[PDB]
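**Q** If it helps, the file is called structure-v7.cif and holds mmCIF, C-alpha atoms:
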```cif
data_my_file
#
loop_
_atom_site.group_PDB
_atom_site.id
_atom_site.type_symbol
_atom_site.label_atom_id
_atom_site.label_comp_id
_atom_site.auth_asym_id
_atom_site.auth_seq_id
_atom_site.Cartn_x
_atom_site.Cartn_y
_atom_site.Cartn_z
ATOM 1 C CA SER A 5 -20.890 209.409 -53.268
ATOM 2 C CA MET A 6 -22.161 211.867 -50.492
ATOM 3 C CA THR A 7 -20.625 212.905 -47.058
ATOM 4 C CA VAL A 8 -21.493 211.252 -43.638
ATOM 5 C CA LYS A 9 -23.426 212.611 -40.631
ATOM 6 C CA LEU A 10 -25.831 214.982 -42.756
ATOM 7 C CA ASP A 11 -26.778 217.885 -40.461
ATOM 8 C CA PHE A 12 -29.768 220.264 -40.387
ATOM 9 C CA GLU A 13 -28.184 223.427 -41.869
ATOM 10 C CA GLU A 14 -28.217 222.147 -45.419
ATOM 11 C CA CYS A 15 -31.587 220.581 -45.063
ATOM 12 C CA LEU A 16 -33.532 223.624 -44.135
ATOM 13 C CA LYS A 17 -31.984 225.935 -46.785
ATOM 14 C CA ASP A 18 -32.602 223.460 -49.686
ATOM 15 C CA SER A 19 -28.861 223.431 -50.674
ATOM 16 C CA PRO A 20 -27.472 221.551 -53.668
ATOM 17 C CA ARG A 21 -25.256 219.605 -51.115
ATOM 18 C CA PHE A 22 -28.535 218.387 -49.522
ATOM 19 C CA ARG A 23 -30.097 218.037 -53.097
ATOM 20 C CA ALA A 24 -27.313 215.705 -54.199
ATOM 21 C CA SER A 25 -27.099 213.804 -50.776
ATOM 22 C CA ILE A 26 -30.723 212.900 -50.996
ATOM 23 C CA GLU A 27 -30.115 211.834 -54.633
ATOM 24 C CA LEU A 28 -27.289 209.521 -53.627
ATOM 25 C CA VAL A 29 -28.724 208.076 -50.246
ATOM 26 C CA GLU A 30 -31.781 206.653 -52.081
ATOM 27 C CA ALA A 31 -29.614 204.977 -54.712
ATOM 28 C CA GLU A 32 -27.463 203.607 -51.906
ATOM 29 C CA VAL A 33 -30.644 202.186 -50.261
ATOM 30 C CA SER A 34 -31.607 200.311 -53.539
ATOM 31 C CA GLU A 35 -28.093 198.807 -53.861
ATOM 32 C CA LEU A 36 -28.123 197.950 -50.113
ATOM 33 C CA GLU A 37 -31.391 196.124 -50.047
ATOM 34 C CA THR A 38 -30.680 194.258 -53.163
ATOM 35 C CA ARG A 39 -27.269 193.022 -51.730
ATOM 36 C CA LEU A 40 -28.776 192.261 -48.278
ATOM 37 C CA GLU A 41 -31.648 190.352 -49.977
ATOM 38 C CA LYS A 42 -29.108 188.525 -52.200
ATOM 39 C CA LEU A 43 -26.975 187.781 -49.026
ATOM 40 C CA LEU A 44 -30.410 186.545 -47.485
ATOM 41 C CA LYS A 45 -31.212 184.094 -50.373
ATOM 42 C CA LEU A 46 -27.531 183.006 -50.441
ATOM 43 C CA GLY A 47 -27.514 182.366 -46.535
ATOM 44 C CA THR A 48 -30.790 180.484 -47.076
ATOM 45 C CA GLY A 49 -29.088 178.432 -49.761
ATOM 46 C CA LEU A 50 -26.065 177.822 -47.504
ATOM 47 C CA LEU A 51 -28.224 176.256 -44.732
ATOM 48 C CA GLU A 52 -29.998 174.107 -47.475
ATOM 49 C CA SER A 53 -26.561 173.094 -48.809
ATOM 50 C CA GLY A 54 -25.253 172.368 -45.184
ATOM 51 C CA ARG A 55 -28.383 170.409 -44.486
ATOM 52 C CA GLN B 220 -8.499 188.779 -29.800
ATOM 53 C CA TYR B 221 -10.256 190.353 -32.782
ATOM 54 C CA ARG B 222 -13.732 189.093 -31.705
ATOM 55 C CA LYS B 223 -13.223 190.861 -28.310
ATOM 56 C CA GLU B 224 -11.569 194.084 -29.819
ATOM 57 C CA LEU B 225 -14.224 194.472 -32.466
ATOM 58 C CA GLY B 226 -16.958 193.748 -29.688
ATOM 59 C CA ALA B 227 -15.609 196.266 -27.047
ATOM 60 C CA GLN B 228 -15.544 198.855 -29.785
ATOM 61 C CA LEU B 229 -19.032 198.071 -31.026
ATOM 62 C CA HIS B 230 -20.441 198.560 -27.455
ATOM 63 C CA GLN B 231 -18.739 201.877 -27.096
ATOM 64 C CA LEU B 232 -19.994 202.778 -30.558
ATOM 65 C CA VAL B 233 -23.600 201.915 -29.716
ATOM 66 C CA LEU B 234 -23.478 203.969 -26.421
ATOM 67 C CA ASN B 235 -21.755 206.749 -28.454
ATOM 68 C CA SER B 236 -24.507 206.597 -31.179
ATOM 69 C CA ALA B 237 -27.253 206.542 -28.517
ATOM 70 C CA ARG B 238 -25.806 209.763 -27.089
ATOM 71 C CA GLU B 239 -25.133 211.407 -30.525
ATOM 72 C CA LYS B 240 -28.705 210.573 -31.642
ATOM 73 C CA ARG B 241 -30.089 211.751 -28.250
ATOM 74 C CA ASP B 242 -28.193 214.954 -28.849
ATOM 75 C CA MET B 243 -29.409 215.148 -32.535
ATOM 76 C CA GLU B 244 -33.217 214.367 -31.407
ATOM 77 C CA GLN B 245 -33.095 217.153 -28.871
ATOM 78 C CA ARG B 246 -31.575 219.702 -31.411
ATOM 79 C CA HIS B 247 -34.096 218.429 -34.077
ATOM 80 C CA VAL B 248 -36.824 219.240 -31.450
ATOM 81 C CA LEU B 249 -35.320 222.697 -30.819
ATOM 82 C CA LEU B 250 -35.450 223.949 -34.545
ATOM 83 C CA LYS B 251 -39.133 223.057 -34.850
ATOM 84 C CA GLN B 252 -39.854 224.852 -31.454
ATOM 85 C CA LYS B 253 -39.047 228.412 -32.212
ATOM 86 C CA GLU B 254 -36.461 229.264 -34.984
ATOM 87 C CA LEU B 255 -37.208 227.228 -38.190
ATOM 88 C CA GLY B 256 -38.484 230.208 -40.289
ATOM 89 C CA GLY B 257 -41.169 230.661 -42.933
ATOM 90 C CA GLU B 258 -39.301 233.066 -45.327
ATOM 91 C CA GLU B 259 -37.486 231.783 -48.411
ATOM 92 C CA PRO B 260 -33.786 231.065 -47.927
ATOM 93 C CA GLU B 261 -31.275 233.337 -49.686
ATOM 94 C CA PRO B 262 -28.947 232.433 -52.644
ATOM 95 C CA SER B 263 -25.328 232.735 -51.525
ATOM 96 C CA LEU B 264 -22.833 234.489 -53.734
ATOM 97 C CA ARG B 265 -19.179 233.513 -53.789
ATOM 98 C CA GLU B 266 -15.897 233.940 -55.593
ATOM 99 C CA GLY B 267 -16.461 237.878 -55.897
ATOM 100 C CA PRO B 268 -18.155 239.633 -58.800
ATOM 101 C CA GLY B 269 -16.024 238.120 -61.554
ATOM 102 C CA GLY B 270 -16.776 234.526 -60.747
ATOM 103 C CA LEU B 271 -19.954 235.534 -58.956
ATOM 104 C CA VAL B 272 -21.214 232.004 -58.186
ATOM 105 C CA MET B 273 -24.987 231.963 -57.431
ATOM 106 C CA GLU C 274 -16.281 234.848 -25.274
ATOM 107 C CA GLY C 275 -14.527 234.704 -28.623
ATOM 108 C CA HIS C 276 -14.160 233.664 -32.181
ATOM 109 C CA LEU C 277 -14.366 230.059 -33.300
ATOM 110 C CA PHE C 278 -14.735 228.077 -36.532
ATOM 111 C CA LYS C 279 -17.594 225.554 -36.883
ATOM 112 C CA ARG C 280 -19.221 223.584 -39.767
ATOM 113 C CA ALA C 281 -22.473 224.781 -41.514
ATOM 114 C CA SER C 282 -25.797 222.871 -41.898
ATOM 115 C CA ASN C 283 -25.810 222.960 -45.685
ATOM 116 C CA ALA C 284 -25.336 219.721 -47.600
ATOM 117 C CA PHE C 285 -21.592 220.273 -48.196
ATOM 118 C CA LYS C 286 -21.075 220.996 -44.433
ATOM 119 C CA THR C 287 -18.907 224.083 -45.128
ATOM 120 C CA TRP C 288 -16.828 225.660 -42.390
ATOM 121 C CA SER C 289 -17.731 229.145 -40.969
ATOM 122 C CA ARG C 290 -16.553 231.554 -38.259
ATOM 123 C CA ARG C 291 -18.887 232.710 -35.425
ATOM 124 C CA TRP C 292 -18.521 234.448 -32.048
ATOM 125 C CA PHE C 293 -19.178 232.058 -29.081
ATOM 126 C CA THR C 294 -19.891 232.710 -25.405
ATOM 127 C CA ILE C 295 -19.506 230.362 -22.348
ATOM 128 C CA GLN C 296 -21.786 231.666 -19.534
ATOM 129 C CA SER C 297 -23.984 230.066 -16.751
ATOM 130 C CA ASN C 298 -23.120 226.486 -17.651
ATOM 131 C CA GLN C 299 -24.182 227.041 -21.248
ATOM 132 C CA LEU C 300 -22.479 227.605 -24.673
ATOM 133 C CA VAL C 301 -24.302 230.076 -27.078
ATOM 134 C CA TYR C 302 -23.388 231.522 -30.471
ATOM 135 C CA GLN C 303 -24.118 234.984 -31.722
ATOM 136 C CA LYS C 304 -25.940 235.261 -35.013
ATOM 137 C CA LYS C 305 -25.717 239.028 -35.534
ATOM 138 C CA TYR C 306 -24.387 241.957 -33.388
ATOM 139 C CA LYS C 307 -27.199 243.323 -31.157
ATOM 140 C CA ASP C 308 -29.713 240.533 -31.894
ATOM 141 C CA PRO C 309 -30.845 237.427 -29.704
ATOM 142 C CA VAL C 310 -28.258 234.494 -29.394
ATOM 143 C CA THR C 311 -28.813 230.730 -30.327
ATOM 144 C CA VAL C 312 -27.856 227.834 -27.863
ATOM 145 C CA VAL C 313 -25.099 225.351 -29.116
ATOM 146 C CA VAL C 314 -25.165 222.908 -26.189
ATOM 147 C CA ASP C 315 -28.073 222.992 -23.665
ATOM 148 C CA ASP C 316 -25.824 222.253 -20.625
ATOM 149 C CA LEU C 317 -21.971 222.001 -20.001
ATOM 150 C CA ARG C 318 -22.149 219.853 -16.828
ATOM 151 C CA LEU C 319 -23.454 217.079 -19.155
ATOM 152 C CA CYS C 320 -20.784 217.632 -21.864
ATOM 153 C CA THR C 321 -17.395 215.714 -22.603
ATOM 154 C CA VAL C 322 -14.479 217.349 -24.411
ATOM 155 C CA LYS C 323 -12.519 215.714 -27.252
ATOM 156 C CA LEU C 324 -8.907 216.631 -27.820
ATOM 157 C CA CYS C 325 -8.916 214.763 -31.060
ATOM 158 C CA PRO C 326 -5.306 213.559 -31.504
ATOM 159 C CA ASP C 327 -6.058 211.260 -34.546
ATOM 160 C CA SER C 328 -8.059 213.879 -36.519
ATOM 161 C CA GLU C 329 -6.775 215.321 -39.866
ATOM 162 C CA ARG C 330 -8.132 218.773 -38.974
ATOM 163 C CA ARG C 331 -5.738 221.075 -37.065
ATOM 164 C CA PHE C 332 -6.354 222.861 -33.627
ATOM 165 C CA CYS C 333 -9.803 221.218 -33.394
ATOM 166 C CA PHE C 334 -11.883 219.968 -30.489
ATOM 167 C CA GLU C 335 -15.298 218.389 -30.220
ATOM 168 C CA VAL C 336 -17.915 219.138 -27.476
ATOM 169 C CA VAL C 337 -20.433 216.322 -27.164
ATOM 170 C CA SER C 338 -23.497 216.832 -24.846
ATOM 171 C CA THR C 339 -26.706 214.729 -24.355
ATOM 172 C CA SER C 340 -29.060 216.655 -26.650
ATOM 173 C CA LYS C 341 -26.480 218.299 -28.897
ATOM 174 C CA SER C 342 -22.847 218.049 -30.236
ATOM 175 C CA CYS C 343 -20.664 220.632 -32.032
ATOM 176 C CA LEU C 344 -17.199 220.230 -33.776
ATOM 177 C CA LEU C 345 -15.197 223.444 -33.446
ATOM 178 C CA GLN C 346 -11.762 224.645 -34.627
ATOM 179 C CA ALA C 347 -9.535 227.530 -33.129
ATOM 180 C CA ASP C 348 -6.514 229.625 -34.488
ATOM 181 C CA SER C 349 -3.695 228.430 -32.301
ATOM 182 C CA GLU C 350 -2.601 225.469 -30.016
ATOM 183 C CA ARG C 351 -2.915 228.025 -27.135
ATOM 184 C CA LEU C 352 -6.512 228.719 -28.029
ATOM 185 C CA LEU C 353 -7.402 225.002 -28.305
ATOM 186 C CA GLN C 354 -6.146 224.275 -24.793
ATOM 187 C CA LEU C 355 -7.727 227.408 -23.302
ATOM 188 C CA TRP C 356 -11.213 226.607 -25.007
ATOM 189 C CA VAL C 357 -10.797 222.916 -23.996
ATOM 190 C CA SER C 358 -9.904 223.905 -20.390
ATOM 191 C CA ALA C 359 -12.840 226.368 -20.163
ATOM 192 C CA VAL C 360 -15.285 223.717 -21.203
ATOM 193 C CA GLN C 361 -13.536 221.278 -18.844
ATOM 194 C CA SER C 362 -13.930 223.521 -15.794
ATOM 195 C CA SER C 363 -17.537 224.130 -16.955
ATOM 196 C CA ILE C 364 -18.188 220.294 -17.096
ATOM 197 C CA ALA C 365 -17.176 220.291 -13.369
ATOM 198 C CA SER C 366 -19.737 222.985 -12.302
#
```
Any chance you could put this one into structure tokens?
**A**
Amino acid sequence: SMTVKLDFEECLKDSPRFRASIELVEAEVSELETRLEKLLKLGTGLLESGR
Amino acid sequence: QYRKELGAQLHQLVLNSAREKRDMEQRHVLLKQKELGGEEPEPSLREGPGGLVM
Amino acid sequence: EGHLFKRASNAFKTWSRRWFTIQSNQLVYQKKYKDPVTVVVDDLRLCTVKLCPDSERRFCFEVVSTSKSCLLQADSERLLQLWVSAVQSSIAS
């Protein structure tokens, strides 16, 4: 996947390093939310199971 | 021991991120102030005329 | 005043050599010969200076200031210590 700390040089010249980093950060955001929201229903389920 | 050593590190990280993002907001500010430019950016050739990557 | 290596603002973050000046509690970089300069850190009295012993990269330092940071890389262990000491006297101004 893409490199960390994405700085302004690449952004303002419309580089392919930017062009691929923006491709991959959005796909990371869809994975992340799904796993957080799964971790959220599973931590819900854990309290229900504890209770 | 790990709860503390992870914790002391996370509070230095947050103060470090605060500062790094302060530093990044002010530089973000600066580009928009006076030096952003309106002309099209230039394709950058590399690997001389026989690879000529552009 | 002198040559240093820095990282670009492109998406790959590719390294590049520019000529840097420390003057009046400021660090600027020159963008062409005989043309206005651009500021790299707003003030040096508000900077800290990283001697980076656990980094992979060789002869590098990092200058971190309130509004702005910059990684930089020099050509010798002499030049690291001399650019780190110049910023460090500057941080005491």
**Q** Any idea which chain C residues end up within 7 Å of chain A if we count all atoms listed in the file, as an MDAnalysis selection string please?
**A** chainID C and resid 281:285
**Q** Between atom CA of residue 243 of chain B and atom CA of residue 337 of chain C, what is the spacing in Å?
**A**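 Between these atoms lies a distance of 10.5 Å.
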**Q** Written as a list in words, which residues does the PyMOL selection byres ((chain B and resi 273) around 6) give for the file shown?
**A**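 Selected by the PyMOL selection byres ((chain B and resi 273) around 6) in this file: residues 263, 264 and 272 of chain B.
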**Q** Using all atoms listed in the file, which chain C residues lie at most 6 Å away from chain B, written as a compact mmCIF listing (two decimals) with C-alpha atoms, keeping the file's coordinate frame?
**A**
```
# COMPACT_ATOMS: atom_id res chain seq x y z
CA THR C 339 -26.71 214.73 -24.36
CA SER C 340 -29.06 216.66 -26.65
CA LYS C 341 -26.48 218.30 -28.90
```
**Q** Could you write out as a VMD selection string the residues of chain B within 9 Å of chain A, counting only C-alpha atoms?
**A** chain B and resid 243 247 250 255 259 to 261
**Q** Given only C-alpha atoms as the basis, pick out the residue of C:317, C:325, C:310, C:302 nearest to residue 344 of chain C.
**A**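 Using only C-alpha atoms, residue 344 of chain C sits closest to C:325.
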**Q** Residues near segment 291-297 of chain C, anyone? I mean within 12 Å using all atoms listed in the file, not counting same-chain ones fewer than 4 positions away, as a ChimeraX atom specification.
**A** /C:274-281,301-306,310-318,343,345-347,356-364,366
**Q** Taking all atoms of segment 298-304 of chain C that the file lists and extending 8 Å past them on each side, where is the centre of the axis-aligned box and how long are its edges? Answer in Å to one decimal, as JSON.
**A**
```
{"center_x": -24.2, "center_y": 230.9, "center_z": -26.3, "size_x": 19.5, "size_y": 24.8, "size_z": 33.4}
```
